[PDB]
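A.B. asks: Pasting an experimental structure, sequence included:
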Amino acid sequence: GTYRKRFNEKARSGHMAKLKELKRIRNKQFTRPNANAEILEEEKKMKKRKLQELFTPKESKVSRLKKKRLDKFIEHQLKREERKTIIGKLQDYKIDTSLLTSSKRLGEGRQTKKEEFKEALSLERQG
Amino acid sequence: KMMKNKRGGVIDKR
Amino acid sequence: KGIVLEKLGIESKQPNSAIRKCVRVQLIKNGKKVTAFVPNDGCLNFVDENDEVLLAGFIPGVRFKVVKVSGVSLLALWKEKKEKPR
Amino acid sequence: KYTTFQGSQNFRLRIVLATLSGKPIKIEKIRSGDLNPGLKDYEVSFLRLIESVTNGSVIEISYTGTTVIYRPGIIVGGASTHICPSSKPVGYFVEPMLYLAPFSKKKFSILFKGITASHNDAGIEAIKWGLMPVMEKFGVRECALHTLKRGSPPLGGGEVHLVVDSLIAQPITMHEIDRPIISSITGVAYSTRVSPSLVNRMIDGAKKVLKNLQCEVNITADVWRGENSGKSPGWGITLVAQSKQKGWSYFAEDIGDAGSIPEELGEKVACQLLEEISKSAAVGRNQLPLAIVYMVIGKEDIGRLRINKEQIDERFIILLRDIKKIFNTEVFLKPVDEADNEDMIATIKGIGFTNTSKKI
Amino acid sequence: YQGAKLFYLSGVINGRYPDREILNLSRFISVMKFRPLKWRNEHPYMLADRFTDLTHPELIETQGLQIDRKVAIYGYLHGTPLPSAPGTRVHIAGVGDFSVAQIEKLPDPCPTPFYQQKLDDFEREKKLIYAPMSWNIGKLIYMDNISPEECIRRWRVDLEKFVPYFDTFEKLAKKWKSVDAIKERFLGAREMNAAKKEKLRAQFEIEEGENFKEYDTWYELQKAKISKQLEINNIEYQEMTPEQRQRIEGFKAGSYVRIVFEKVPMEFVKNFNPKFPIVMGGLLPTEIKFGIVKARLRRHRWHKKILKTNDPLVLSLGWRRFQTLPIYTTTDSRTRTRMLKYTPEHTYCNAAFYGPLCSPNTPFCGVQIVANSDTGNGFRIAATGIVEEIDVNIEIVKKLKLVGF
Amino acid sequence: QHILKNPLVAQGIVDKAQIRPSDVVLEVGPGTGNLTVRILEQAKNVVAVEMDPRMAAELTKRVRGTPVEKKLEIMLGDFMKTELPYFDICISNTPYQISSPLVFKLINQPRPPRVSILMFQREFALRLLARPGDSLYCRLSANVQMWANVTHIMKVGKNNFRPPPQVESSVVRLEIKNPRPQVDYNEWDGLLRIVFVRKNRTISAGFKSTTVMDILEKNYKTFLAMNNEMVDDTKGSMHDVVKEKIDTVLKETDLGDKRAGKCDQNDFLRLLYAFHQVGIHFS
Amino acid sequence: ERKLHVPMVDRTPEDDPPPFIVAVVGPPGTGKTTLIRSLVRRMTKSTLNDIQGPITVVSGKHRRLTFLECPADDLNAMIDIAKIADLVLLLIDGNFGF
RNA sequence: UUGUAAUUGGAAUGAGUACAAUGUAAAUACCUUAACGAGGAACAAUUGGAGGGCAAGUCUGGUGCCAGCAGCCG
Ligand SMILES: Nc1nc2c(ncn2[C@@H]2O[C@H](COP(=O)(O)OP(=O)(O)OP(=O)(O)O)[C@@H](O)[C@H]2O)c(=O)[nH]1
Ligand SMILES: [Mg+2]
């Protein structure tokens, strides 16, 4: 009830100001003129700043999702550019694969004569 | 069946 | 409150069938489309397209019935004690 | 009594606009000085098509054939078959039906028969990907043109089915004051009774012109062979530049003659597409007449469309003048505030038209 | 409606009611608001403030009084704006349908004080009762004298040819050797990092902005679109020059206008009673057409007698009132349209009749007697109904039974 | 064998295939033809691969004396053993036994389909759809995401299939990337295989294996031979060279302490490029 | 819930709206004429001895009213004033009744 | 000896109307009360629910002549 939404917050700006002050004191743990006078720029700045800070609409659902999606998309585009550069530098360094032994052999750890003849013939062909 | 529900028609005097 | 979208059973051959008494209504609060009962086909005559219908809780799956049309009781019309203002 | 027009100019438009307005019209002095005066065969066939899809309409053709009296009835539609004379392709007769289809008592289900392409009239792919989307923008949710059989000139033999399920009271009000950003280029390269090589060479031809571009280019290869391929050899392409952002499409098309080089045609159509996008602001020249007409028959509100200073040519002026003669509506044009381009905004007030034929 | 206000008047003094409750009534009318009615907001209508015949008396004497007259009617427009161009079809109740020969706006004869203050304020920058009875391109298109070709050359063939005119292939090729000049249209696909960020923001807006781009209720959403469109209309009109504005929107409601009609029956001019109002109402294209009207009709509850087939009955459709011979029918379980002899005693029935067509959902009432002589004491509202369809033909059928032994 | 009986899911599959009227469809596992008749309805022509001659005969009987009879073509054989014609869209409810190989064949078709709708076992579908850092991220995920993009269409229940199987099912969409990325299949597969023996351990641990070191040493010797530079070929000649190359590349790429399951495409690509820089070629 | 209704478009112009049509309808002799005279005096401070046809009067700073006395003996009038009357003042003889 | 009456007899009476008085600051009303005020006592009690029956009538289905739906419409 202290900070509940009001029908017209603009009509009671001063009231809302008090609430902010109270919050600033109540939640400080978590964060860490005489009108009765015969004769009466910075004050205009005070008006502007106080009224603006007092009233800032909380960003909406769709705005949340738009921000997250913008971040994901833009990071994706950067990743695409980096991928393209790396793949170009890969085409710079390229060779054939027929002679190179596949990593599929990692489990074997021991070899028959038949492949040994195959390897022996292969290395002979290479020279 | 073409003529059942018609009221206009082409009048060609050529 | 709702908006009458289409009278689904108006073409049904069997008079006073359950289908004949079903009307598709758009709930104006959320725009969700729903189906509602009318007490009888005689009452179905009063309901026509694009009118205000007040719906109340009641062919399984249809859980609403029309109680007022255009701000007038359907029963009042059916007893012929009022005229629907257009 | 009758609004009078002169000559065969804008025959289909003047008839169609008469249908939508419900105002009787007279067209006189049709090819009076020609050796063969009066209406052509396809124009008469077009009038027959109008009679088939309407009820209560009365049409008179003069003894000499040079004068027409037309009194519109109500659009009723239905299921029918139309035999299109060889003098014109199917697109000639389909195009006016697109104007009238959404506003009928019953759905349009018309089976057209005849030649399916020509050098001067809207093609099948032009309709499917070039005009019908504009209708979808205007609220025609469901509309389809099915190609049962392709018929190339001169013997034709093609069959297409037009179905427009969407029946709507009137077109939605347009508010398009920006230049759409076109995202990709697509197209269809089709051929009949000939080897697949021509289509590939054609798609190859378009690709060179468009390869310098910064967007995707993927052209479908629809080779037709066998019983459904028609009676004559033929081949043509339609290229469409699509803007997924707001569902706008810019397209160019043309067909090849015997002895012509497939690569050259692909290059020419690609260049023509680059022409249309250069000249266009929100819609292409070939789509503008449909866009303008639908706005006139919208609700009594101001619709806005951005058009380039290139679209204001002879055809645009006569279209507006015919609209004013029938509908008394005046299209107002204002400059855009931008200095980068010299586009203008066409603001049109709708007439409050409503589809009264449909049952409720 | 239940709870409706009802004012009470006691007596009459000096031909005037007591002042006290007159104030109450006046205040109630002042603060009252009006609902939007479907028929009023789709047609232009006008109540005649004054009636005047412009016919030259020389014509009246040479040809005689029987000659048809030309008449001018002045009044405030209501409802939708009336188109400025002449030739508009309108219907005057009890007279018939006519065409607007001329139309022009006049200064308001009874300006409201707020309006007069603004005009006086305008003068600085540079009566309460009114009872008379008691080379810009845009112009070039619309000057038909200039040919379209002449128009084009000044400020710089036909629609049968769907393909738009294109330059020759070779010159087009040379024009498009490079893709420049159109790069803006196509999507693009330590300090420069921010420059990169901006382009990707623009692309993201272009790629997915719409899906992202709220009112609590669906109703308010509908109203917002209507209000937004209305706001756009006002903005375009406010930018718009007053004369050209009148040419587009026409004469808006509240404008005091002069309308001149030709070929009016002379009986209207001679047999004019200021007590009886003269109501002018615009007609939509469907209103002009005549044909078969299919409607759901029922005998009015307070009417003593049921109606009969092929019995004259006066209808009230739209602006027009007319007598026809309706045929009452039944759906026969939605199989065939079977003619009835009389309307159902306490239920609707399909009614078919010939007359001017009208849009579906146009309500109407029915009356059998309009003359005071035959009024009697019974209720005169005979039938009520809603028009269901408009058509040029209908297939009513009757049961014929052949008998043998 | 299990047969689907829910019409709605079949309708959804054929609809989300989005078959253009000028498309040819490779429809694997035609079954009774419930999918096939619809696909024939909205397709230029359909090529079908059937294992059972009887079942294809039933299909022919069903489609015989119909307007779509001329469009259908049936191939009899083993889907893998057969050499296939060009096709634009692939729609299959094939037995999952050939599920994993099938995908790669579609990926390795000379002209790959633009879109394919494939039904798989739930766990397999999730592994295909798994993203970097997910529990089920595996070699299959990285490989397919190199050669395609996979998305989820539906979760298909047990009750829909009769007799009910012992696992759930799902329908996914595969889109092969055109143009294909210009990275060797063999090198990528070799790197991933060496790194994904235990995906939740450090990559350095993956390279610490003796067999991996032997394979990398032999490949380095082969690469030197191809470059015409002489090589000794003894068993332990370059062990001290390959080990230090691996340590330097792993340290510089900063990928030594990052688990395989939490590494994305670009990290693996950087590792591959650095290994090619220092001279080690995997497969 | 009672707040929500069908959306419709109100075509009343935003500026210089026309006077509202007020129809004074009732059986003969109920006092339609005297009622019009009474109201006209209140808003304008002048008395109209004799009234025929529409009478437009100022009722406020930015409001105007047009009063029309429907012929009590004519049904045809009752139809078309009912078509154009924005407000209807139903004169009812209390002593006699409806 | 049960049920049904636009059958029939003369007795009573207030809703309402109304002299008067009472009541009230002045009035309305209540309690009183001259005089009127009842047979369809038309001086015209309602709101819901349940169940029938009728045709040269209508629709749907079929181991004939039937069944279902329903029937302000013959
Ligand atoms: N005693 C009494 N007389 C009234 C009242 N209202 C009207 N009258 C009288 O009824 C008579 C008719 O008054 P009008 O103003 O002419 O009524 P109207 O509606 O114009 O009647 P018509 O124009 O003839 O149709 C006058 O003599 C009035 O004095 C009322 O409340 N009490
Ligand atoms: Mg009077």
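C.D. replies: Yep, it's here. Numbering: from 1, shown residues only, chains lettered A, B, ... in the order given. Ligands and ions are numbered 1, 2, ... in the order given.

A.B. asks: Which positions in stretch C:24-39 come out as buried?
C.D. replies: C:25, C:26, C:27, C:28, C:34, C:36, C:37, C:38 (16 or more other CB atoms under 10 Å in any protein chain shown). From N, CA and C alone the C-beta is placed, and that goes for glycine too.

A.B. asks: What residues are bridge-paired with the third one?
C.D. replies: Applying DSSP bridges to residue C:27 gives these bridge partners: residue C:2.

A.B. asks: Quick check: it touching residue C:33?
C.D. replies: Yes. Taking CB atoms under 8 Å as the definition, residue C:27 is a contact partner of residue C:33 at 7.4 Å.

A.B. asks: Next up, phi/psi of the residue located most distally from the centre of chain A, please.
C.D. replies: Distance from the C-alpha centroid of chain A, by CA atoms, centre = their mean, peaks at residue A:38 (58.8 Å). The phi and psi values for residue A:38, taken as degrees, to the nearest 10, are phi -60, psi -40.

A.B. asks: Please list all residues in contact with it.
C.D. replies: Contact analysis of residue A:38 by CB atoms under 8 Å, 6 or more residues apart in numbering or on different chains lists nothing.

A.B. asks: Next, find the distance separating it from residue E:340.
C.D. replies: 94 Å (CB to CB, to the nearest Å).

A.B. asks: cool, residue D:314 as well?
C.D. replies: Distance from residue D:314 to residue E:340, by CB to CB: 60 Å.

A.B. asks: So which of the two has more stuff around it?
C.D. replies: residue E:340 (18 against 15; other CB atoms under 10 Å in any protein chain shown).

A.B. asks: Leaving out chain neighbours, which residue sits closest to the more buried one?
C.D. replies: residue E:328 (4.4 Å; CB to CB, 6 or more residues apart in numbering or on different chains).

A.B. asks: Tell me the secondary structure at that neighbour.
C.D. replies: Using DSSP: H, G, I helix; E, B strand; the rest coil as the criterion, the local structure at residue E:328 reads strand.

A.B. asks: From what I see, it and residue E:337 are in contact.
C.D. replies: No. At 10.6 Å, residue E:328 does not count as touching residue E:337 under the criterion of CB under 8 Å.

A.B. asks: Identify the contacts common to these two.
C.D. replies: residue E:350.

A.B. asks: Tell me which residues touch the residue of the stretch 301-405 of chain E found nearest chain B, please.
C.D. replies: Taking CB to the nearest CB, chain B has its nearest neighbour within the stretch 301-405 of chain E at residue E:392, 4.7 Å off. Applying CB under 8 Å, 6+ apart to residue E:392 gives the contacts B:7, D:55, D:56, D:73, D:74, E:291, E:292.

A.B. asks: Out of these, which end up buried?
C.D. replies: Using 16+ other CB under 10 Å, the buried ones in the contacts of residue E:392 are D:55, D:56, D:73, D:74, E:291, E:292.

A.B. asks: Can you pick out the most distant pair from those residues?
C.D. replies: D:73 and E:292 (12.7 Å; CB to CB).

A.B. asks: All the helices of chain D, residue numbers only.
C.D. replies: D:11-21, D:41-53, D:90-100, D:124-126, D:132-138, D:197-211, D:262-279, D:288-296, D:314-327 (DSSP state H).

A.B. asks: Output those helices as TSV; include the columns distance to chain B.
C.D. replies: What follows is the helices of chain D, written out as TSV (distance: least, CB to the nearest CB, whole Å):
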stretch	distance to chain B
helix D:11-21	13
helix D:41-53	6
helix D:90-100	16
helix D:124-126	28
helix D:132-138	27
helix D:197-211	42
helix D:262-279	38
helix D:288-296	24
helix D:314-327	20
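
A.B. asks: Let me know the secondary structure of the residue most central in space within chain G.
C.D. replies: Computing the C-alpha centroid of chain G and ranking residues by CA atoms, centre = their mean puts residue G:22 first, at 1.5 Å. Three-state assignment for residue G:22 (three-state DSSP): strand.

A.B. asks: pretty sure it contacts residue G:64?
C.D. replies: No. The criterion here is CB under 8 Å, and residue G:22 misses it with residue G:64 at 10.4 Å.

A.B. asks: Just the strands from chain B, written as ranges.
C.D. replies: Secondary structure of chain B (DSSP state E): strands at B:9-12.

A.B. asks: again with chain C
C.D. replies: Under DSSP E, chain C gives strands at C:2-7, C:22-27, C:33-37, C:52-57, C:64-69, C:72-73.

A.B. asks: what comes up buried for whichever strand or helix holds residue E:78?
C.D. replies: Using DSSP states H and E, the element containing residue E:78 is strand E:69-79. Neighbour-count burial for strand E:69-79 flags E:69, E:70, E:71, E:73, E:74, E:75, E:76, E:77, E:78, E:79 (criterion: 16+ other CB under 10 Å).

A.B. asks: which residues sit against the helix or strand following it?
C.D. replies: Downstream of strand E:69-79, the first helix or strand assigned by DSSP H and E is strand E:89-92. When contacts are defined by CB under 8 Å, 6+ apart, strand E:89-92 is touched by residues E:97-100, E:278-283, E:287-288, E:319-320.

A.B. asks: Could you rerun that using 10 Å?
C.D. replies: With contacts defined as CB atoms under 10 Å, 6 or more residues apart in numbering or on different chains, strand E:89-92 is touched by E:43-46, E:48, E:71, E:73, E:82, E:97-100, E:259, E:261, E:264, E:268, E:278-285, E:287-288, E:318-321, E:356, G:80.

A.B. asks: can you check stretch A:81-100 too?
C.D. replies: A:122-123, A:125-126, E:196, F:181-187, F:190, F:215, F:218-220, F:222-223, F:225-227, F:264-266, F:268-270, F:272-277, F:279, F:281-283.

A.B. asks: Report the buried residues of stretch F:180-199.
C.D. replies: F:183-197, F:199.

A.B. asks: distance between the ends of that stretch?
C.D. replies: End-to-end distance for stretch F:180-199, by CA to CA, to the nearest Å: 26 Å.

A.B. asks: Contacts only, for the spatially most central residue of chain E.
C.D. replies: Taking CA atoms, centre = their mean, the centroid of chain E lies closest to residue E:43, which sits 1.4 Å from it. Neighbour list for residue E:43: D:352, E:78-80, E:82, E:90-91, E:281-284, E:287, E:318-319, G:11, G:83 [criterion: CB under 10 Å, 6+ apart].

A.B. asks: follow-up on the earlier one: overlap in contacts, residue C:27 and residue C:33.
C.D. replies: In contact with both residue C:27 and residue C:33: C:2, C:3, using CB under 10 Å, 6+ apart.

A.B. asks: Wasn't residue G:6 part of a helix?
C.D. replies: No. Counting by three-state DSSP, residue G:6 is not part of a helix but coil.
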